[PDB]
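Same order as they appear, the protein sequences are chains B and B'. A prime marks a further copy of an entry chain.
In terms of the deposited numbering, the first sequence opens at residue -10 and continues consecutively.
In terms of the deposited numbering, the second sequence opens at residue -10 and continues consecutively.
Each remark here refers to the structure printed beneath this line.
Protein chains: 2
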Amino acid sequence: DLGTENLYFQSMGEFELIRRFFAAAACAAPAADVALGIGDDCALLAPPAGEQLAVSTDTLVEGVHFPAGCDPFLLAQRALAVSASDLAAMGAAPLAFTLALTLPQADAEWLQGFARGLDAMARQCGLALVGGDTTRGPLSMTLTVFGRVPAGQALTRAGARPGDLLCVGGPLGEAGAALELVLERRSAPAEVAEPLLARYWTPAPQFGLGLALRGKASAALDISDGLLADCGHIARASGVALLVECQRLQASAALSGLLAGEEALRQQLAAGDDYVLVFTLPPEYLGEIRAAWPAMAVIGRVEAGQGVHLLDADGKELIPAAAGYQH
Amino acid sequence: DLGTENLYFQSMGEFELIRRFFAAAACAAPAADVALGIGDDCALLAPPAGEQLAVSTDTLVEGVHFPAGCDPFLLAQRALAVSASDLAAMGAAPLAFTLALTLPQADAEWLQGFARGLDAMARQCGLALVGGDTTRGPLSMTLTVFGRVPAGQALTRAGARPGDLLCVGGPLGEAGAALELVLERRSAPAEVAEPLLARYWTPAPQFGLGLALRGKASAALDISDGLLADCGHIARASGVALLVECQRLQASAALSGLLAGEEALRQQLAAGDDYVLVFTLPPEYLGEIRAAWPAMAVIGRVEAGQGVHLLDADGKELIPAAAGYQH
Ligand SMILES: Nc1ncnc2c1ncn2[C@@H]1O[C@H](COP(=O)(O)OP(=O)(O)NP(=O)(O)O)[C@@H](O)[C@H]1O
Ligand SMILES: Nc1ncnc2c1ncn2[C@@H]1O[C@H](COP(=O)(O)OP(=O)(O)NP(=O)(O)O)[C@@H](O)[C@H]1O
Ligand SMILES: [Mg+2]
Ligand SMILES: [Mg+2]
Ligand SMILES: [Mg+2]
Ligand SMILES: [Mg+2]
Ligand SMILES: [Mg+2]
Ligand SMILES: [Mg+2]
Ligand code: NA
Ligand code: NA
Ligand code: NA
Ligand code: NA
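In structure tokens:
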């Protein structure tokens, strides 16, 4: 060979170098049920026979689902956790995900921090990064998550039945409170700020609860938009009434650390971004689910009828004063 | 019942009404191997036993992968087709997809046209729409496509071997030529404009070729960035040299209709957006693949070595005059 006549500078440019932050990420390593990870036109998933693949996609847009200029290490954890919460909402076991990242141009420090946070949440969630896309534009990420669940055992939003208990998998309103700190509308000491901020940036997807509920919950989903709003999805898909007992909404120590009374209750009822499951449960399974997931709480019940109903201590229904208002 | 004490205006707002364009789309109908489509936290896919799920994601950003203000009916077809091309690149049979759509606000006429075009391409591709996400922000779409392929039979980018033929599945450069028309940098009569524009807005994913190549091609991918660039992925993953014979790049009737000589050859070599497969093939399978896919063409060969090599009629290597230039 003479050392000449080689073709270069046709490809493998800036966005290839960006892509390599993810090809080299710890969460891109080989993993169970992944026959082919990053590097080809598709990833290949191989859930053990009899198991279906649960698939969900979520998009986070800069300025909409997270603040501009935020720590990329926290942002990557938040993006993966909120997306992975939908697998828990089905009772699926975590398997893998793809990352479609759009960004204006390379930023090496941003990407290093983003990839490091993605590794941490992925390890926490047991999710392999198996593919993705890297594109130029205003900052955005679309994560598509994959889990496995035996046929017929997925948790669905229909099936809530009158007589069932209405339950949640953990404290509500904490991410809404945390947003007050994130936006610096309020201050707090570390003992208050740290637990709440962890709920905004690193909500733990409730995989264990979803798995515990297989064959037991009559219906479930994860609270992303707000307690009362997401109860409406069960009520409508199941054709029943969901009753929420306002007295059973215990504000957490962390929530009470920053907010009190009505402000706290409003966060519980309507903040969303909780990524805690809401589920309906035949009463015969209460003890088991309490043992499997002690953070769970009964907040109400299911009856024949329509709609979501917030009840005060005397059983009377609470209605916002005007259309569009909240409690 | 008294008709009072009902909770509304907490949810089911503007972006729910946007979402319904897709929940009601024809391509959201029940489909084979889809155990659960739109409506729950995850879709559930059930490929028949022994078959793996091939998964790919692609993002199209307004102004980057399509022009601002373009026909949404054409845009939805383009978005789904370019994403579905990665299933053909694996030899997967099409199954389903999710649509993550980001848009500034509702636009009823845009959405009606977008959903109508998505139905057409989905029917053409045999893809069920099973889930997605709808978010506010600068216009963008991330499509995640799912196909099925028997274990061990997927087409991969490694495995090209010296002695193999280098082939493509159809004419090259047509979408690059079409872009001249899309941007109105050139004019053409309908007999020229219509075939080229169809390649930009409605490239047909080469599912049949990918399926025909199972167990026969030694390596393959789809040309998205450009002939020479994407040949480099096979060369590097397989550890071989790919030789492209410049004389074997026949400009199509449609391509020749608008451009001639070098301008046409440059489109063939570097336009990308072809969404035609490039593949390496043991010579013993040439006749079969020609019969299965008559648009296919031999363009070169594989040898021991490194890199991609463009050769002229005398076998001498063509090199751009300076780094960054193209032929
Ligand atoms: N951000 C990312 N995270 C993880 N994997 C990625 C990412 N971007 C790309 N990939 C993977 O890297 C490989 C190359 O993808 P990519 O670089 O997007 O190809 P491409 O030339 O851009 N063609 P296309 O994106 O399909 O139009 C594939 O296996 C992808 O799944
Ligand atoms: N553009 C879309 N195309 C197809 N299906 C969609 C689309 N947007 C949402 N879906 C589906 O519609 C159902 C409701 O999703 P969605 O309205 O996004 O829930 P959400 O309240 O916004 N929670 P989340 O998106 O997970 O934070 C699910 O089954 C989704 O997969
Ligand atoms: Mg490809
Ligand atoms: Mg979601
Ligand atoms: Mg790409
Ligand atoms: Mg959900
Ligand atoms: Mg692609
Ligand atoms: Mg949504
Ligand atoms: Na989802
Ligand atoms: Na979302
Ligand atoms: Na892909
Ligand atoms: Na892409």
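The beta carbon of each residue, even a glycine, is placed where N, CA and C say it ideally should be.
Shown in chain order are the residues whose CB sits closer than 6 angstroms to a heavy atom of ligand 8: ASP122(B') and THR123(B'). Here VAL229(B') really is in contact with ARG150(B'); their C-beta atoms are around 7 angstroms apart, less than 8 angstroms. Partner residues in a beta bridge of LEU238(B), as assigned by DSSP, do not exist. The alpha carbon of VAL265(B') has as its nearest neighbour, out of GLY80(B'), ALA57(B'), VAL44(B') and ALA21(B'), the alpha carbon of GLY80(B'). By alpha-carbon distance to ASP(-10)(B), the top candidate from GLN94(B'), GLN295(B') and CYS235(B') is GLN295(B').
Judged by the Cβ position, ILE27(B') qualifies as a neighbour of ligand 2 at the 7 angstroms threshold, a heavy atom of the ligand being closer than this. In this structure, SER213(B) has its CB closer than 7 angstroms to one or more heavy atoms of ligand 6. Nearest CB-CB separation between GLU(-6)(B) and chain B': below the 8 angstroms threshold. For the region 182 to 214 of chain B', the beta-carbon criterion of a distance under 7 angstroms to any beta-carbon of chain B is satisfied by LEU210, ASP211 and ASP214. As the crow flies, the alpha-carbon of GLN142(B) is around 31 angstroms from that of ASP108(B'). At least 8 angstroms separates the beta-carbon of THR269(B') from that of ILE212(B'). Within the same chain, and ignoring the five residues on either side of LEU200(B') in sequence, the residues whose Cβ sits closer than 7 angstroms to its Cβ are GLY80 and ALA82.
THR48(B') has its CB nearer than 7 angstroms to a heavy atom of ligand 12. Apart from the 5 residues on each side of it in sequence, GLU169(B) sits with its Cβ closer than 6 angstroms to the Cβ of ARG175 in its chain, given in chain order. Interface annotation, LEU217(B'): in contact with chain B, CB-CB separation under 8 angstroms. Per the coordinates, the alpha-carbon of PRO309(B) lies some 43 angstroms from the alpha-carbon of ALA68(B'). Taken through DSSP and simplified to helix, strand or coil, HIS298(B') comes out as strand. If you look at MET110(B), you'll find it in the alpha helix (DSSP H) that goes 97 to 114. Taking C-beta separations shorter than 6 angstroms and ignoring five residues to either side along the sequence, the partners of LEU128(B') in its chain run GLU51 and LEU92, following chain order. Counted as a single uninterrupted DSSP element, the alpha helix (DSSP H) harbouring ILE223(B) occupies residues 216 to 227. Looking at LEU49(B), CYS59(B) and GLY28(B), the one whose alpha-carbon comes closest to that of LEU186(B) is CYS59(B).
In terms of side-chain proximity, the C-beta atom of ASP75(B) is found nearer than 7 angstroms to a non-hydrogen atom of ligand 6. By the Cβ-count criterion, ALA182(B') is buried, with 16 or more other Cβ atoms from all chains shown falling within 10 Å of its own Cβ.
Annotation note: the region 188 to 214 of chain B' contains the following uninterrupted beta strand (DSSP E) runs of length 3 or greater, listed N- to C-terminal: 208 to 211.
Under the three-state reduction of DSSP, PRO36(B') is assigned to coil, being neither helix nor strand. For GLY261(B), no beta strand (DSSP E) encloses it, and the DSSP letter there is neither H nor E. Not flagged as an interface residue toward chain B: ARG150(B'), since no C-beta distance is shorter than 8 angstroms.
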